[PDB]
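Asks: Okay, here's the structure, questions in a sec.
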Amino acid sequence: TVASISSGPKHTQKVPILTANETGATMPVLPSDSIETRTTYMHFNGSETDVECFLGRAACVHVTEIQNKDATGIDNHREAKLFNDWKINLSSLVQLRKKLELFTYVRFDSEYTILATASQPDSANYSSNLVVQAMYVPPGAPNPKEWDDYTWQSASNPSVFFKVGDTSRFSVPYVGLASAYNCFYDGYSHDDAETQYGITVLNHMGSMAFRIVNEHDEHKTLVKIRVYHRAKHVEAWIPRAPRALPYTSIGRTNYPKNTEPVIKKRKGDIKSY
Amino acid sequence: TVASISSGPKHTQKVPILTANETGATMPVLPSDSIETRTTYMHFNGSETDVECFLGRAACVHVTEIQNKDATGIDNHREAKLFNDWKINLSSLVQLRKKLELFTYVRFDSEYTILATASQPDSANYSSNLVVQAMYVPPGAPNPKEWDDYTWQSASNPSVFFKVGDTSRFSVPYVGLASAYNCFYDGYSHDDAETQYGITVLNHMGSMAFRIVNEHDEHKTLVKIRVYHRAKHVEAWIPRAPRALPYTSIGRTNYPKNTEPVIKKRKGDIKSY
Amino acid sequence: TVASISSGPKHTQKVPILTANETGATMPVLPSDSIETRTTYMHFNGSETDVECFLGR
Amino acid sequence: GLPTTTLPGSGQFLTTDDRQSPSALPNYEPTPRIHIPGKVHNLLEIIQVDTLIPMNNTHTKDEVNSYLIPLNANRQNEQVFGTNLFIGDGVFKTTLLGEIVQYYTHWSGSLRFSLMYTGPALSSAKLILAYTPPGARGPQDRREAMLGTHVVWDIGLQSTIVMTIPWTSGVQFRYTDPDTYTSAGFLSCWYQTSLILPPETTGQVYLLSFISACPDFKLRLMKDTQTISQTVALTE
Amino acid sequence: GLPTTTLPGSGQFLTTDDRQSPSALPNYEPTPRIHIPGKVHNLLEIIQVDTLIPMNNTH
Amino acid sequence: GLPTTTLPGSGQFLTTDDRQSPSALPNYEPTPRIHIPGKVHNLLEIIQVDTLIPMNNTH
Amino acid sequence: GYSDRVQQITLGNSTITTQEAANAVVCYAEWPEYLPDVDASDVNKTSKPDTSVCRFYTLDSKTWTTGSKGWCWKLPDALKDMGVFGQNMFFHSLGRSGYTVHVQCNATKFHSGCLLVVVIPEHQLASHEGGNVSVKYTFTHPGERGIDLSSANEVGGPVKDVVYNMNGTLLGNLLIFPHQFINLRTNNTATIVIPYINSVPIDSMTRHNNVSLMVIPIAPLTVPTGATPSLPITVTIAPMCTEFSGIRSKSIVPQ
Amino acid sequence: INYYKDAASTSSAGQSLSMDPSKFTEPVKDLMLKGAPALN
Amino acid sequence: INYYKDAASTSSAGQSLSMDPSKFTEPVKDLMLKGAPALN
Amino acid sequence: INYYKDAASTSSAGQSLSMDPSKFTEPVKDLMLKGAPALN
Ligand SMILES: Cc1cc(CCCCCOc2c(Cl)cc(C3=NCCO3)cc2Cl)on1
Ligand SMILES: Cc1cc(CCCCCOc2c(Cl)cc(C3=NCCO3)cc2Cl)on1
């Protein structure tokens, strides 16, 4: 492939460099339309800018935490982090968010990796070996109330059991309702006068729930869960302007008030170098 | 495959929507018999509603517990949970039970996964590493009396040895006496006037027995066993009405007295939306 | 493989059920030598009684 | 010795994975299968059989009576019953259809709603059933109702009428647990002319109503049902 | 039983590796794709559209 | 190095499984078999020989 | 001029005519047939009394009144005493059978009411006590009398609550079982042909009933003005393709 | 590839792709045609 | 070699090697030739 | 596939499928036919 062809002096009536940008086109002008060039080859394919590659590496999408401790006398397991949940969403963390929001609709399978590490902030004789249980409560499913409920039975709910310190991994098809995931949605659930606005109304795919299978030892053990997400088989439509201001909420476009100028002011003139 | 064909106005003597339900049939009426439709395709196969898929994921069927402790002076190992047993049955937990009872007779191979985690509720210097031994005492076999009996020799009894925190897995053919497992049985063992009633008399396939191989350390260690069961190679006959009331017993159909209305009462009229 | 063949009434001079055990043999008598039977198949091979299986765990 | 590397996920137990395992009972021979009528292969086979809907939900303890929709002689213009179409909740919820839908997260497809009339043979009636697609309110009078999917039913020799709720939707799947964006409409029924009883006859007559799914139907993404739970393991 | 040896790196999680995984939802059927104008395949496709430069940065 | 994943059950010992193992005595030559009357192949062969029943159990 | 409506069933030495039928149901779309060899296990030749057992027995009549809750019969129990069918039953170790069930209820064009006639394979009943109380033998072997769902709880008997099918499932879903309605305005009989359904090729006829036939009023009976407020319901049932095997001494069963 | 000798040890079965609701939805003895009168 | 049955479980996709910026860079209704005048 | 060199290291043997009880059930010198008299 040639990156530049050889081109010499020109004295024409045919001027490729004068255009009318009002038309909305970006005319494909090249170095050889306005200087004299020599042949050179590309030596490159643009492999690593493919959208599959761009969205295809694992990104941290969520960090939660649960603890193993005596539940005796706990009136609210959920509240004691005897077990937590993550109401599946990819808008939490902004690193992967900005990347995704470069497009309007996106379609992909997900591969999740879940790393779990334990901490024992206060005096323990040892490090126990705990087994985590991650179960996906599809919307319209009995939500775990306790840490050893009947829900954890998950007889129809896909669940994975792995050891703390270890990692769990699996992949999920694209479980979108539509033909693709809406990165943006300028509409509402229904024609109400108070109903929410955005995608937060469209992206209601239940939540994930973690818990430690093991009973309690004499000390307490903090287990912190990190969920990583990798898109595989990516398809993206309609590019948009990149995010400039900071994010404030999962699912709304809102930016913070009295934010700071995002364009760097010159130290000098327009004329400055 | 078409999900709907195109159909237009009708003014006939041939009315597919008038039927006689007294006959016991559900006549196969479609949208296109009563409105004007356009062609649309199915795009779907009904893969995930196959009975193999429906009964084919692991469900928790049993949680038991045994402990490792000094048996010195224990007059009844079984009673000290020096070792326990599970009198194999799939009616214990109701999550997988309701699913199975959607059919009358069911035939399948079983794949068991056994997760074992340890707990040390009171002061230990460390976490020991225990090895569990799960042996299936077929009915008419010497039942373990102690925790280091001659029975544990299991020279003809299939047994598996795995580490606590780890998982054990294997699969078993369908060991039913008949051509299929009876989900229901409206009969008795014999023509007696006091003999039990149900399947609890039909499903007598012995019990499973767990124990910790390791001797006792200075502290005590609680090991809690969870048995998961996955049906593979499923065959199901005669669908029945789903279970509406709560369950009270393994193997009988009995529901609790002064149960609550299972049909949600309207907040409003018959006419209400 | 048939487990039992069909067999009907008998009024013979040929009695397979009378033997002399003093000989040391176990004569291969079947249900169909003394009652009327219907055909049935074995559906079974005797796999799990092979000595390799019996001593092999 | 062949060199290997283990990946993330090694040793995990995923209740939904499907792999081979050693048989604990090597060489065992299962009982022969004999023939049994009734084999089921897909849950899609059974949700096409219709079952009764406790439409008359207005009672206070479960009773045979909540299956009966009453009809009054001589009323004109008025409304017989109304319900939204959240097949995973409300009237639908205990029906076989409702009961299976609840094992899945998403559904799509047409529904078949039929009414069988049980009044004396010498009576007569004309009813209108109307399906209102998502976007409008439950109709408030027949005029409103008759502008959407509807069937004038003439009660005759042929005892049942089968109304289809054709799949009307932007999004190709709806959630089985009630959700707004994903909502499916309303179903109402009104007198078209009115029920008329013969002489020597009196009182209320009832309609029985059934629901089953058209062959159109799709259910996906299995999950656990809110319809069953427990607090301690059961014993014998 | 086939003899194996595990190499350095076993058990690591590299966010950039690309391998197979079990599907949590065996047999599930995704929604059909419909046509949508605008598909992007390479970031190289979009950086050829011109956009305005805040050249007058002096504010 | 070929990528692998280990499944649930790894490391378990099931007394009924049937796999290959290294021989501790590589290259050893067993004694030749000679003929011996009486070989049994199936327990089904022997349960067809009749034996006496202590029917008069009353002692 | 054949209508779905008129029918004749002749079986043995007995015939039934209905002039107001609503087709007939054949459970699971299969018609009763004898036991094939490929499915056989017991080596005994079986006995097929044919026409002496495969005829129509009419059980004693019931009375539908405005307060009726429904009735339940078990098979082969209901026939335990009918002619030679019953003798064969007590005298062989094993037996097998399919049936034609014909439920009859006629009224006039001024009555209203609708019965559900359903056959439930393996209908294991529940104890009204809850817990794991069993249902004694006698209680699940009512004989030709059947069980009257509007009778009182008894001790050791089953629960008789209709909206729960006597087992923890809702009346509304019984429609998944082969069934037919009798709607006075349409119908006057219900006919169901039952093939033999079991997990074994042949079984005991006394320790296990393999179907319960259930007749349940759903739309209450409403008679014309100053009519007597009740109608009789009659059940006639015929064993079909019956086979008995393992003859001997004659079973003795509780009570 | 099966690594094991017994059939019980193989993975899940593969979709019936059988599907025939008529034993449940139309178990009537005389065939009913949609469009023709239910009761003649 | 796929070891798994479902398509979601396969590794990353492979390069589009599609690449056609004209839907974005030249969505004009009447075709513009470089070198010819923009507005005639 | 055997991974090992020695025969002892291979898995269990496979069913004789030999089966001949006559060495045990009928070791008589002169052949006895069922149905013919035992002692002539
Ligand atoms: C846009 C966009 C895309 C997504 C991803 C939605 C996630 C779908 C559900 O994914 C899971 C499934 Cl199918 C299973 C499990 C799981 N099974 C066993 C343990 O976890 C977890 C998740 Cl997040 O969210 N917003
Ligand atoms: C219905 C129905 C089906 C079942 C399942 C019965 C289980 C049969 C026996 O299964 C086992 C076998 Cl064959 C072996 C082992 C075992 N071998 C080594 C460790 O455990 C465990 C079980 Cl549950 O119960 N009710």
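Asks: Restricted to chain J, and to residues that are within 20 Å of the chain's Cα centre (by Cα) and on the phi > 0 side of the Ramachandran plot, which residue is surrounded by the most Cβ atoms within 10 Å (Cβ to Cβ)?
Replies: J:19
Asks: Another question about this same structure. Anything in region I:7-40 that is more than 21 Å from residue A:29 (Cα to Cα), more than 7 Å from chain A (Cβ to nearest Cβ) and not polar (S, T, N, Q)? List them, or say none.
Replies: I:7, I:14, I:17
Asks: Is one or more of the residues making up region B:82-103 touching an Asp or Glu at 6+ places or on another chain (Cβ under 9 Å) and away from ligand 2 (no atom under 16 Å from the Cβ)?
Replies: Checked against the condition, which is being touching an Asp or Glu at 6+ places or on another chain (Cβ under 9 Å) and away from ligand 2 (no atom under 16 Å from the Cβ), region B:82-103 yields at least one hit.
Asks: Name the residues in region D:6-41 that are assigned to a strand (DSSP E or B) and either among the aromatic types (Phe, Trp, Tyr) or away from chain A (no Cβ under 14 Å) (or both), would you?
Replies: So in region D:6-41, the residues assigned to a strand (DSSP E or B) come out as D:6, D:13-14, D:23, D:39-40.
Correct list: D:13, D:23, D:39, D:40.
Asks: Here's a follow-up. What number of residues within region A:178-204 satisfy the criterion of being within 30 Å of residue A:149 (Cα to Cα) and either facing another protein chain (nearest Cβ under 7 Å) or within 9 Å of ligand 1 (Cβ to nearest atom) (or both)?
Replies: First, the residues of region A:178-204 that are within 30 Å of residue A:149 (Cα to Cα): A:200-204.
Add one more test, that the residue is either facing another protein chain (nearest Cβ under 7 Å) or within 9 Å of ligand 1 (Cβ to nearest atom) (or both), and what stays is A:201-204.
Qualifying residue count, region A:178-204: 4.
Asks: Tell me yes or no: at least one residue of region G:136-146 is in a loop (DSSP other than H, G, I, E, B), more than 28 Å from residue G:221 (Cα to Cα) and among the β-branched types (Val, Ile, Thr). Can you show your working first?
Replies: Going residue by residue through region G:136-146, those that are in a loop (DSSP other than H, G, I, E, B) are G:136, G:141-142, G:146.
With more than 28 Å from residue G:221 (Cα to Cα) added as a condition, the list becomes G:136, G:141.
Within this subset, residues satisfying the condition of being among the β-branched types (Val, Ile, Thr) are none.
Scanning region G:136-146, I find no residue that is in a loop (DSSP other than H, G, I, E, B), more than 28 Å from residue G:221 (Cα to Cα) and among the β-branched types (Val, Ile, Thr), so the answer is no.
Asks: Give me the residue from region B:155-181 that is crowded, with 23+ Cβ neighbours inside 10 Å and of a type in the set (S, T, N, Q) and, out of that set, nearest to residue B:101 (Cα to Cα).
Replies: Going through the qualifying residues, I end up with B:179.
Asks: To continue, here is another question. Mind checking whether some residue in region A:246-261 is of a type in the set (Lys, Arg), within 18 Å of the chain's Cα centre (by Cα) and surrounded by 12 or more Cβ atoms within 10 Å (Cβ to Cβ)?
Replies: The answer is yes, given that some residue of region A:246-261 is of a type in the set (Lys, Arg), within 18 Å of the chain's Cα centre (by Cα) and surrounded by 12 or more Cβ atoms within 10 Å (Cβ to Cβ).
Every residue, every condition in (1) in contact (Cβ under 8 Å) with a residue 40 or more places away in the chain; (2) crowded, with 21+ Cβ neighbours inside 10 Å; (3) out of contact with any strand residue (DSSP E or B) (no Cβ under 7 Å at 6 or more places or on another chain), yes or no:
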| position | (1), (2), (3) |
| --- | --- |
| G:169 | no, yes, no |
| G:173 | no, yes, no |
| G:222 | yes, yes, no |
| G:227 | yes, no, yes |
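Asks: Something else about it: Would you please name the residue that is surrounded by the fewest Cβ atoms within 10 Å (Cβ to Cβ), looking only at residues in region D:138-162 that are farther than 19 Å from residue D:70 by Cα and in contact (Cβ under 8 Å) with a residue 40 or more places away in the chain?
Replies: It comes out as D:138.
Asks: If we keep just the residues of region A:85-108 that are more than 9 Å from ligand 1 (Cβ to nearest atom) and assigned to a loop (DSSP other than H, G, I, E, B), which is nearest to residue A:138 (Cα to Cα)? I'd like the intermediate steps shown before the answer.
Replies: Within region A:85-108, the first condition is being more than 9 Å from ligand 1 (Cβ to nearest atom), and the residues that meet it are A:85, A:87, A:92-99, A:101-105, A:107.
Now narrow it down to the ones that are assigned to a loop (DSSP other than H, G, I, E, B): A:87, A:92-93, A:101-102.
Values: A:87: 10, A:92: 20, A:93: 22, A:101: 25, A:102: 28 Å.
Filtering first and then ranking leaves A:87.
Asks: Please verify whether region B:242-255 includes one or more residues that are more than 16 Å from ligand 2 (Cβ to nearest atom), part of a loop (DSSP other than H, G, I, E, B) and aliphatic (A, V, I, L, M).
Replies: yes
Asks: Right, something else. Among D:56, D:74, D:65, which is out of contact with any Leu (no Cβ under 9 Å at 6 or more places or on another chain) and among the polar types (S, T, N, Q)? So that I can check it myself, show each step before the final result.
Replies: Values: D:56 fails: out of contact with any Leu (no Cβ under 9 Å at 6 or more places or on another chain); D:74 fails: out of contact with any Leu (no Cβ under 9 Å at 6 or more places or on another chain).
Criteria check complete, one pass: D:65.
Asks: Is one or more of the residues making up region B:151-170 assigned to a strand (DSSP E or B) and closer than 30 Å to residue D:39 by Cβ?
Replies: Here is the first cut: in region B:151-170, the ones assigned to a strand (DSSP E or B) are B:159-164, B:166-170.
With closer than 30 Å to residue D:39 by Cβ added as a condition, the list becomes B:169-170.
Yes: region B:151-170 contains one or more residues that are assigned to a strand (DSSP E or B) and closer than 30 Å to residue D:39 by Cβ.
Asks: Determine the pairs where a residue that is surrounded by 12 or more Cβ atoms within 10 Å (Cβ to Cβ), located within region G:26-42, has a partner that is in a helix (DSSP H, G or I) with Cβ atoms under 8 Å apart, the partner being 6 or more residues away or on another chain.
Replies: G:28/H:23; G:28/H:24; G:29/H:22; G:29/H:23; G:30/H:23
Asks: Considering region B:121-150 alone, what residues qualify as being within 13 Å of ligand 2 (Cβ to nearest atom) and not in a strand (DSSP E or B)?
Replies: So the first thing to find is which residues in region B:121-150 are within 13 Å of ligand 2 (Cβ to nearest atom), and the list is B:132-139, B:141.
If the condition is that a residue be within 13 Å of ligand 2 (Cβ to nearest atom) and not in a strand (DSSP E or B), then B:138, B:139, B:141 are the ones that fit.
Asks: Which of the residues that make up region D:94-121 are touching a helix residue (DSSP H, G or I) at 6+ places or on another chain (Cβ under 7 Å), part of a loop (DSSP other than H, G, I, E, B) and within 14 Å of chain G (Cβ to nearest Cβ)? Walk me through how you get there before you give the answer.
Replies: If we filter region D:94-121 for residues that are touching a helix residue (DSSP H, G or I) at 6+ places or on another chain (Cβ under 7 Å), which is where we start, we get D:94-96, D:98, D:100, D:107, D:110, D:114, D:116.
Okay, now just the ones that are also part of a loop (DSSP other than H, G, I, E, B), so D:95, D:110.
Residue satisfying the conditions is D:95 alone.
Asks: Right, another one. Which of the residues spanning region B:1-60 are over 27 Å from residue B:96 (Cα atoms), among the charged types (D, E, K, R) and within 8 Å of another protein chain (Cβ to nearest Cβ)?
Replies: Once the filter is applied, which keeps residues that are over 27 Å from residue B:96 (Cα atoms), among the charged types (D, E, K, R) and within 8 Å of another protein chain (Cβ to nearest Cβ), region B:1-60 yields B:14, B:22, B:33.
Asks: Residue A:118 fails exactly one of the following numbered conditions: (1) of a type outside the set (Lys, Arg); (2) within 15 Å of ligand 1 (Cβ to nearest atom); (3) over 18 Å from residue B:57 (Cβ atoms); (4) part of a strand (DSSP E or B). What is the number of that condition?
Replies: (2)
Asks: Please work out if residue D:212 is buried (at least 17 other Cβ atoms within 10 Å of the Cβ), within 26 Å of residue G:172 (Cα to Cα) and in contact with a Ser or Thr (Cβ under 7 Å, 6 or more places away or on another chain).
Replies: Details: buried (at least 17 other Cβ atoms within 10 Å of the Cβ): yes; within 26 Å of residue G:172 (Cα to Cα): yes; in contact with a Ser or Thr (Cβ under 7 Å, 6 or more places away or on another chain): yes.
Taking the combined requirement at face value, the residue satisfies it.
Asks: Within the set of pairs 6+ apart or on separate chains, which have a first residue in region B:205-216 that is more than 14 Å from every other protein chain (Cβ to nearest Cβ), a second that is aromatic (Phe, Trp, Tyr) and away from ligand 2 (no atom under 15 Å from the Cβ), and C-beta atoms under 7 Å apart?
Replies: Matching pairs, first to second residue: B:211/B:147.
Asks: Is at least one residue of region F:29-39 under 28 Å from residue H:3 (Cβ atoms) and within 8 Å of another protein chain (Cβ to nearest Cβ)? Even if it seems obvious, please write down each step before you answer.
Replies: In the first step, residues of region F:29-39 are kept if they are under 28 Å from residue H:3 (Cβ atoms); the result is none.
No, the conditions are met nowhere in region F:29-39.
Asks: Every residue in region D:122-157 that is closer than 22 Å to residue D:174 by Cβ, more than 9 Å from chain B (Cβ to nearest Cβ), part of a loop (DSSP other than H, G, I, E, B) and small (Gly, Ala, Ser), please.
Replies: D:135, D:148
Asks: Need the failing condition index for residue B:57 against (1) surrounded by 22 or more Cβ atoms within 10 Å (Cβ to Cβ); (2) touching a helix residue (DSSP H, G or I) at 6+ places or on another chain (Cβ under 9 Å); (3) more than 30 Å from residue G:187 (Cβ to Cβ), just the number.
Replies: Exception for residue B:57: condition (2).
Asks: In the set E:20, E:12, which member is at negative phi, facing another protein chain (nearest Cβ under 7 Å) and not in a strand (DSSP E or B)?
Replies: Working: E:12 fails: facing another protein chain (nearest Cβ under 7 Å).
That would be E:20, the only listed residue that is at negative phi, facing another protein chain (nearest Cβ under 7 Å) and not in a strand (DSSP E or B).
Asks: With the requirement that a residue be among the hydroxyl-bearing types (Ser, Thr, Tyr) and buried (at least 22 other Cβ atoms within 10 Å of the Cβ), what does region B:1-31 give you? First the steps, then the outcome.
Replies: Residues of region B:1-31 among the hydroxyl-bearing types (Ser, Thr, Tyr): B:1, B:4, B:6-7, B:12, B:19, B:23, B:26.
If the condition is that a residue be among the hydroxyl-bearing types (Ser, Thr, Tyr) and buried (at least 22 other Cβ atoms within 10 Å of the Cβ), then B:19, B:23, B:26 are the ones that fit.
Asks: Also, quick follow-up: Does residue D:169 satisfy the criteria of being within 14 Å of chain A (Cβ to nearest Cβ) and either buried (at least 19 other Cβ atoms within 10 Å of the Cβ) or farther than 29 Å from residue G:188 by Cβ (or both)?
Replies: Numbers: within 14 Å of chain A (Cβ to nearest Cβ): yes; either buried (at least 19 other Cβ atoms within 10 Å of the Cβ) or farther than 29 Å from residue G:188 by Cβ (or both): yes.
Criteria met by residue D:169.
Asks: Does any residue in region B:89-104 that is under 14 Å from residue B:55 (Cβ atoms) and touching a residue at least 40 places away in the same chain (Cβ under 8 Å) come within less than 9 Å, Cβ to Cβ, of a residue that is of a type in the set (D, E, K, R) and within 11 Å of ligand 2 (Cβ to nearest atom) six or more places away or on a different chain, and which pairs are these?
Replies: B:90/B:97
Please note: Cβ atoms are built from the backbone with ideal geometry, for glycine as well, and neighbour counts cover all protein chains shown. Just so you know, all these numbers are worked out from the coordinates, no wet-lab data involved.
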